[PDB]
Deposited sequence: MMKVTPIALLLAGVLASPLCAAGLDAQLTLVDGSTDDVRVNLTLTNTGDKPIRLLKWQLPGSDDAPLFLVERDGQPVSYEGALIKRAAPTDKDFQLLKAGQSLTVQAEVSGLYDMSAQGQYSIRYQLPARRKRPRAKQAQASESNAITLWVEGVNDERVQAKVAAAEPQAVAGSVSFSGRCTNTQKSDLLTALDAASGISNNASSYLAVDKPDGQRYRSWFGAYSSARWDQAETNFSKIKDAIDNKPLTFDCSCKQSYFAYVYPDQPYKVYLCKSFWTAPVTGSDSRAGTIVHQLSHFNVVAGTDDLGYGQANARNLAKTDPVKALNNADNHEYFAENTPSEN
């Protein structure tokens, strides 16, 4: 027969990783549908409950045709296959509480349940402004993102306060003074602040490219984080907080900023060279907010 044993992995992030051992206890090989083994494609393979109530599935749903021979994994007689899954990135395990997790048996009926207390992401934005996730953001990621968002709120309020008392910081990132350009920058930060505070934001963690993040400017307010987001400091230069300000600025409904080159020296040269371009550049907005130093 087919035996499925789930065990919790011990670690010190807030992620919820599990080891699933599937074992052919019979005497002839069996075939397991690969789409129903945990892996890089999303499917709802687990029953996740908090305090006896099902939580949301948070992954994608795929159309696949009927499977063919190539779609099945062979397990020999006696043989075990162990696969690890991170569960918090595919089910909503954001609320604190006692959870049970079982795996459903793949096509050729459940593992044991495991149970654990989950600290959760203790934030009203995840339970006007809200924050949702996709692309397998784990509890640690979600928590890191909310942290980054509060930091971003801190620097976007600080930018906005600076701009409300109508100037080196402005000079550095936006160039020679004009009231029209200052009012424009102030309007941009007002809208960035209003998105941080009040809009339905979405962060996605699927991107593995080496840069920081990307958005589609006509698809508010979903920000895709990439590898350099995670390696960046929460605050300071080219920081997580600053990245959020950068990316939010691109949305057509926020500030419609452009990509007019990349980096601090680029940004400084724009300011010195062509204030109108600086006013239209995401980086200049980020660096004005980061104000580091």
Item to complete: Pop the missing stretches of the deposited sequence into a list, counting residues from 1 and keeping sequence order.
Response: 1-22, 131-141, 161-171, 211-213, 341-343
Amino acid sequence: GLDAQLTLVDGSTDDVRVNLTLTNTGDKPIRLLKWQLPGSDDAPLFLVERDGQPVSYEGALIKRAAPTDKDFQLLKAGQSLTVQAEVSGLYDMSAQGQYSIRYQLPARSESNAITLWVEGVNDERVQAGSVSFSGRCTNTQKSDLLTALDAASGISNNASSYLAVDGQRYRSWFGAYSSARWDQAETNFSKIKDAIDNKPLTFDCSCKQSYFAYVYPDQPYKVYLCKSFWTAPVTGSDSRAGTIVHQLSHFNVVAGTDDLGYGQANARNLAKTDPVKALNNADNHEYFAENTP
From here on, numbers count along this sequence of modelled residues.
Discussion item. If you average the CA temperature factors as listed in the entry, which stretch comes out higher, 272-280 or 15-23?
Written reply: 15-23
Worksheet item: Which is higher on average in the deposited entry, the C-alpha temperature factors of 30-38 or of 254-262?
Response: 30-38
Worksheet item: Reading the B-factor column of the entry, which of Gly129, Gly154, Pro217, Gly97 has the highest value at its C-alpha atom?
Response: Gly97
Worksheet item: Checking the entry, which one of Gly135, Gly167, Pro200, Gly120 has the top C-alpha B factor?
Response: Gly120
Response to the item:
Sorting the chain's modelled residues by C-alpha B-factor and splitting them into thirds places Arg64 in the middle
Worksheet entry | For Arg171, the third of its chain into which the C-alpha B factor falls | middle
Discussion item. Sorting by Cα B-factor within the chain, modelled residues only, which third would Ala185 end up in: lowest, middle or highest?
Written reply: middle
Worksheet item: Comparing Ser160 with the other modelled residues of its chain, is its CA B-factor in the lowest, middle or highest third?
Response: middle
Item to complete: Within this chain's modelled residues, let me know which third the CA B factor of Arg125 belongs to: lowest, middle or highest.
Response: middle
